[PDB]
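Just so you know, the protein sequences line up as chains A and A', in that order. A prime marks a further copy of an entry chain.
All letters in the first sequence, in the order written, are residues 1 to 364 by the entry's author numbering.
All letters in the second sequence, in the order written, are residues 1 to 364 by the entry's author numbering.
Data block below; observations after.
There are 2 protein chains.
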Amino acid sequence: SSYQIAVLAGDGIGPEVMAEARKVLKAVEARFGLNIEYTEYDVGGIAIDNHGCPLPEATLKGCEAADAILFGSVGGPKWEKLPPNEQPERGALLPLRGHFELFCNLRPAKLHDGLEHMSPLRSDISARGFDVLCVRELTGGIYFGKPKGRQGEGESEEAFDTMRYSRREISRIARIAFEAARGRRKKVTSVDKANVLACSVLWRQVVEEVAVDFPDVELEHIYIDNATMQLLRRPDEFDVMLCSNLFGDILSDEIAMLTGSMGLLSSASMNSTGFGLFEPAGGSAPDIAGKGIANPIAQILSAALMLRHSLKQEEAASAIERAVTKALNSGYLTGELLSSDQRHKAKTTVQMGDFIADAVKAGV
Amino acid sequence: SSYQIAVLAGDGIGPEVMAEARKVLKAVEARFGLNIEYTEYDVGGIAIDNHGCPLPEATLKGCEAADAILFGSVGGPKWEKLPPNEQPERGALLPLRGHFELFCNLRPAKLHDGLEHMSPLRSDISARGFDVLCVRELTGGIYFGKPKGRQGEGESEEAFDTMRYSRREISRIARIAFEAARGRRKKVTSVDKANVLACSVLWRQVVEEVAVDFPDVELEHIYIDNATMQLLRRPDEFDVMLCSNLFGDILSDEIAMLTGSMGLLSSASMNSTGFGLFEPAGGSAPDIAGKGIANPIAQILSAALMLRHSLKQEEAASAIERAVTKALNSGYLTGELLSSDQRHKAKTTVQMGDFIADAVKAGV
Ligand SMILES: CC(C)[C@H](C(=O)O)[C@@H](O)C(=O)O
Ligand SMILES: CC(C)[C@H](C(=O)O)[C@@H](O)C(=O)O
Ligand SMILES: [Ca+2]
Ligand SMILES: [Ca+2]
Ligand SMILES: [Cl-]
Ligand SMILES: [Cl-]
């Protein structure tokens, strides 16, 4: 029946790429007969300007009344001299994850055929391609562990954060990783620092416990310092990477940057009900905002992840994905995906959204 | 007068590259009139085989009686199924750092002229070159913070580690970073996660306090997830990177792997007295051990760092560095530094050590 989406476009290019995601969604709604209602709420920088804080009470409550959050990007110059701890990005994202128990972050990243040369990797390495799904635990570990704070003064003033994980928190993120590997290349690489951290000793232990239910999936463990090196040499050997909160933050962004094409990358953060927050992997790109230059594909693929994971509409989600593939192989590329001698073939944000939506309309 | 070095060659290629470092040191001792006595002690894997643990009491005591530790590499297949927490590398390295208060880790990494093509970076990026010094805080933060451990059972069993930093611990590592920038390109990039961690809020605060004493050095702050991406796009823009224990672990290894030439990279871990532990950046490479293939240059440059930082012998240290430069630009390269169509020009470990030592002898 009727789905309700909270739309939180945020700052920078958020609103302009959101417009294209909505246009594509409208074509999907028509093609598949879905009834989806959308309400927009302020978040991030615009919420600080309009309401005094990055996550107003009204926005939080509109997310509670929704089936999913279609989220843009938050932050920029204007607020980047507030304390790092009252800044819009951490002030929007961390309480949304904590409040809705969005323990699971999925970040699919691949080198697209024909775009290998944009990876900052050496040509013989990018030619091999890669397709790496990062599964990051999002509501535990050092981000929300207590005690957190500071005590004392002067030279002996100290600050502390506590990384904490229970077996239950580890096993539920690990099962997601194994379940995902099962449908891909059947390998989970679990990433920890078990030679140093008590949380990582438990992590590796519990991942090995969960593994018994997946005898068809290969499991390997790697230290985070070694994983950050190995992704530079053989990223084609990884399938699913399984990580705790802080190691996942670092590793998923390293992998994204390895694609050289962040404008194509989206992100799902979900709870066990399948309520989630769907966002592009990259930032608010405030210098390009309002110019029709931003690549909307990341925000469009966010909507496809939303349709799949929160709304259980697998066909709708894959239609959008294929409309994106069709754009990428039919010469519909924005300026950041072109070598600068070809930068004159660039499509605008609106041209991309129009093409993608017409492709869904035409039955792609 | 007479210096005393504890030699802890460890496992794998440790002993064979150590032999070359000692040969080079002998030439430096003759050229500069230094009296250096060396005693060897077991550490790591060989210590587990010979003494039941990775850091025997006799080894610890021989390090206490020395002016510096010239350290090889620990670990390998044979011990890699003990608990990650009784393994040789963490079992040797963490108690040595804690016992001697080796708070400062320096890892100099550069792309050497002529070896750019070995970097896993895209050719236009490696052509630009880079020279990045990582300064990592080594005895604080989450590695040695308490409470650390676990409690409970079953699903609610939990583990915890505590990241802790005081202003005094931050200011002494930061002054090292600023002092080092002052002699290089005069920029410190401090790396934290101040949007999430109480330790990082204090970190960034205190680094800004220390900065007042260095008005000639530029200071910028970057989040660790952003630093791991940016090193892939503009590593030539960084000079000194300043990091806490866990972020430094990750970032220094990412930078090392970016050079594509780990066999050239060394590491200094020092206390405030200038006692230190000097080691190659890479591992024990157990599959190549005993074959004369390993590149000894990392271990030779460890000895130069030892001469400079612990023994206050700047001239001796720079003679070794220049002997290494001469090798690299005179066709003296080991097999891993050659493109495989040139792998027939490879020098052995002994040929490299002989060349480098003769270069010091000849007055390089
Ligand atoms: C804004 C910050 C708290 C956040 C994180 O650390 O999770 C961001 O880096 C991300 O990856 O979503
Ligand atoms: C062995 C391990 C504890 C160690 C570290 O985390 O410091 C190693 O990764 C290093 O960089 O020296
Ligand atoms: Ca991040
Ligand atoms: Ca390391
Ligand atoms: Cl964590
Ligand atoms: Cl730390």
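Positions of the beta carbon are idealized from the N, C-alpha and C atoms, including for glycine.
8 Å or more divides the Cβ of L277 of chain A' from the Cβ of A177 of chain A'. Not a single CB atom of chain A sits nearer than 8 Å to the CB of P280 of chain A'.
At a cut-off of 7 Å, the beta-carbon of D192 of chain A does not count as near ligand 4: no heavy atom of the ligand is closer than that. In terms of beta-carbon proximity, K148 of chain A' lines the interface with chain A, with at least one pair separated by less than 8 Å. Here the stretch 91 to 99 of chain A does not lie against the stretch 228 to 235 of chain A', with fewer than 3 beta-carbon pairs under 8 Å apart. Residue environment analysis places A58 of chain A' among the exposed positions, since fewer than 16 neighbouring C-beta atoms fall within 10 angstroms of its C-beta.
A direct Cα-Cα distance of roughly 14 Å separates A285 of chain A' from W79 of chain A'. At a beta-carbon threshold of 7 Å, the residues of chain A lying near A159 of chain A' are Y165, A198, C199, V201 and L202, ordered along the chain. For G145 of chain A, the shortest C-beta to heavy atom distance toward ligand 6 is 7 Å or greater. Cβ-Cβ separation between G282 of chain A' and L265 of chain A': approximately 7 Å, consistent with a contact (criterion under 8 Å).
DSSP places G276 of chain A in the uninterrupted beta strand (DSSP E) bounded by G276 to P280.
Beta-bridge pairing by DSSP links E218 of chain A to A:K187.
The criterion of a C-beta distance shorter than 8 Å is not satisfied by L138 of chain A and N50 of chain A. Nearest CB-CB separation between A194 of chain A' and chain A: below the 8 Å threshold. Taking the Cβ of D213 of chain A' as the reference point, every heavy atom of ligand 4 lies at 7 Å or farther away. Taking a Cβ-Cβ cut-off of 9 Å, the neighbours of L121 of chain A in chain A' comprise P120, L121, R122 and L232, given in sequence order. A:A357 is the residue among A:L102, A:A357 and A:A65 whose C-alpha sits nearest the C-alpha of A316 of chain A.
Considered as a whole, the stretch 85 to 129 of chain A' harbours 88 to 100 and 123 to 127 as its complete alpha helix (DSSP H) runs of no fewer than 4 residues, in chain order. Judged by their CB atoms, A346 of chain A' and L333 of chain A' are nearer to each other than the 8 Å cut-off.
When DSSP states are grouped into helix, strand and coil, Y143 of chain A' belongs to the helix group.
Distance from the C-beta of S166 of chain A to the nearest heavy atom of ligand 5 is not below 7 Å. In the structure shown, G152 of chain A adopts coil according to DSSP, grouped into three states. Taking 9 Å as the upper bound on Cβ-Cβ separation, chain A' lies near residues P83, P84, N85, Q87, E89 and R90 of the stretch 79 to 90 of chain A. In the DSSP annotation of this structure, the continuous segment of the alpha helix (DSSP H) that includes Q230 of chain A' starts and ends at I224 to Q230.
Here DSSP, grouped into helix, strand and coil, assigns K312 of chain A to coil.
Annotation: the stretch 9 to 70 of chain A contains the following complete segments of the alpha helix (DSSP H) (minimum length 4 residues), in chain order: 14 to 32, 45 to 51 and 57 to 64.
Runs of the alpha helix (DSSP H) lying entirely within the stretch 233 to 291 of chain A', each at least 4 residues long, are 245 to 259 in chain order.
DSSP places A177 of chain A inside the alpha helix (DSSP H), whose first and last residues are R167 to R182. Ranking A':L111, A':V135 and A':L219 by CA distance to the CA of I125 of chain A' puts A':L111 first. With fewer than 16 neighbouring CB atoms inside 10 Å of its own CB, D113 of chain A' falls in the exposed class.
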